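Peer 1: Structure for this input, please:
(chains A and B)
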Amino acid sequence: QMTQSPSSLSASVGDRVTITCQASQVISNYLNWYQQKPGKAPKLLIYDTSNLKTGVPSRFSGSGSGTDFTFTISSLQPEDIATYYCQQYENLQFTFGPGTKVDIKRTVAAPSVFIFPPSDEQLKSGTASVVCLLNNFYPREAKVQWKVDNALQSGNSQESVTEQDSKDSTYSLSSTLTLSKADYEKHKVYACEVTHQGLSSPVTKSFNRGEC
Amino acid sequence: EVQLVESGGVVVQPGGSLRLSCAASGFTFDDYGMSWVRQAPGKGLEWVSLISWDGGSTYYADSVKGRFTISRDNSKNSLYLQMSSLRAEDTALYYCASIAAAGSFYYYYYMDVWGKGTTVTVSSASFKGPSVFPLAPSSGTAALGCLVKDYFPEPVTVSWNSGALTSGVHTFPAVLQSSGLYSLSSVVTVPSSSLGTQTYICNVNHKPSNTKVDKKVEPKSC
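Peer 2: Residues are numbered from 1 along each chain as shown, chains lettered A, B, ... in the order given. See below for the structure:
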């Protein structure tokens, strides 16, 4: 039951970042810290609480003892956007902590929202996919609610999110609602409602089945 | 250069067996213990097994004990992971890492060298090329895209206009559906003024099924 705090944080380039770890036992072997960037392998940055691996920049440091450890980035750089993990060796096992995801803080950007009905070519095969796009928003937190004739849909959608854009620091999100053709043709109004802190009120995009 | 290279990750049926390999180069392999660490899609790092320098000691995470066996052949600079009784939750990227030892009596450890990983997919699905459906621009800025639905296994690639269109493109991570097939969307935002004139074609390639598709996306015919 190792912990890390916070689970995610946003900071600007040049900000101090502080990430904490709680080991599951009073440490009796090394407490190490790793950096993992999107799509890449983990990299050791700090070993034995505070020692920098050869070649790691001076802005990284660590401290602690007992069960409580802290990893610091003195001045966040764009290349430091990553997930950071602490790691213990206790009870004859290596254990990695749950990780702390760091992204870039920028100004709030509300999503631009788009809904896409199922194509007639898809409906020929017996399934309907309805897609809702949330484009170029910040921060990451956003909620999509699907409604069909005013019935809230749960369990029948999936979503995914892009990595933070390297140039504008935004995210985008795609959600797909899937139903059978038979179910699709029993209902009229398909709606995606988006909640985000940049929107005064939630935005709803909708269509009526069969309309141009 | 010091390096570790994993291989052997493929699709394997639930209940099945698979052996992964890790080749070491550029250092004295038998001076180091070795570890396997895995990462399930979208999840954190999970250490799973380790082995001492000569193979005389092995250890496992409770999640894999009794199903996985770590071994090494120092004459071949190779580390292996034999997996058996595989489960959907064993689907992951598997990394090998060397165990550096230091401090008093060399009792203290860190994992300093890592490979790039090999991918294990535990599934009973068989190969399927995608169906590519339009996300038609609605009737300023318009959005359009392609829905790349119902393929197996990963990965697919998507380009727009043969790579000439990159600005405003977002290709999303795939999702694994409850059918066992993947789906992915790729979108682009473009000037509404362009919808009458400019052609938009998504180029989809699914090598595991030998499927290339070019899909033109336009406003709906009403």
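Peer 1: what's residue B:198 sitting at in phi/psi?
Peer 2: When read as degrees, to the nearest 10, the backbone of residue B:198 gives phi -80, psi 130.
Peer 1: And for residue B:210?
Peer 2: Backbone dihedrals for residue B:210, given as degrees, to the nearest 10, come out at phi 60, psi 40.
Peer 1: Excluding chain neighbours, what is closest to it?
Peer 2: Using Cβ to Cβ, 6 or more residues apart in numbering or on different chains and skipping the chain neighbours, the partner closest in space to residue B:210 is residue B:129 (7.6 Å). From N, CA and C alone the C-beta is placed, and that goes for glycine too.
Peer 1: Can you give me every residue that contacts the residue most central in space within chain A?
Peer 2: Central residue of chain A (Cα atoms, centre = their mean): residue A:140, 6.7 Å from the mean position. Applying Cβ atoms under 8 Å, 6 or more residues apart in numbering or on different chains to residue A:140 gives the contacts A:8, A:103, A:161, A:171.
Peer 1: Contact partners for the third one?
Peer 2: When you say that, I think you mean residue A:161. A:140, A:171, A:172, A:173, B:172, B:173 are the contacts of residue A:161 under Cβ under 8 Å, 6+ apart.
Peer 1: same thing but at 7 Å, please
Peer 2: With contact taken as Cβ atoms under 7 Å, 6 or more residues apart in numbering or on different chains, residue A:161 is in contact with A:171, A:173.
Peer 1: Distance check, residue A:112 against chain B.
Peer 2: Distance, residue A:112 to chain B, using Cβ to the nearest Cβ, to the nearest Å: 7 Å.
Peer 1: Can you report how many residues lie near that residue?
Peer 2: Other residues lying near residue A:112 total 17 when counted by other Cβ atoms under 10 Å in any protein chain shown.
Peer 1: so what's the closest residue to it other than its chain neighbours up against?
Peer 2: Nearest residue to residue A:112 in three dimensions, chain neighbours excluded: residue A:135, at 4.4 Å (Cβ to Cβ, 6+ apart). Residue A:135 makes contacts with A:111, A:112, A:172, B:143, B:189, as judged by Cβ under 7 Å, 6+ apart.
Peer 1: The first one touches residue A:197, doesn't it?
Peer 2: No. Taking Cβ atoms under 7 Å as the contact criterion, residue A:111 and residue A:197 are not neighbours in contact, 10.7 Å apart.
Peer 1: ok, the two, which is more surrounded?
Peer 2: More crowded of residue A:111 and residue A:197, by other Cβ under 10 Å: residue A:111, with 23 against 11.
Peer 1: phi, psi of that one?
Peer 2: Torsion angles, degrees, to the nearest 10, at residue A:111: phi -70, psi 150.
Peer 1: residues contacting it?
Peer 2: A:134, A:135, A:136, A:137, A:142, A:194, A:196.
Peer 1: Among these, give me the pair with the biggest separation.
Peer 2: The most widely separated members of these, counting by Cβ to Cβ, are A:136 and A:194 (12.9 Å).
Peer 1: more crowded one of these two?
Peer 2: Counted by other Cβ under 10 Å, residue A:136 and residue A:194 do not tie: residue A:194 has more neighbours, with 23 against 19.
Peer 1: From the centroid of chain B, which residue is nearest?
Peer 2: With distances taken as Cα atoms, centre = their mean, residue B:119 lies nearest the centre of chain B, 5.0 Å away.
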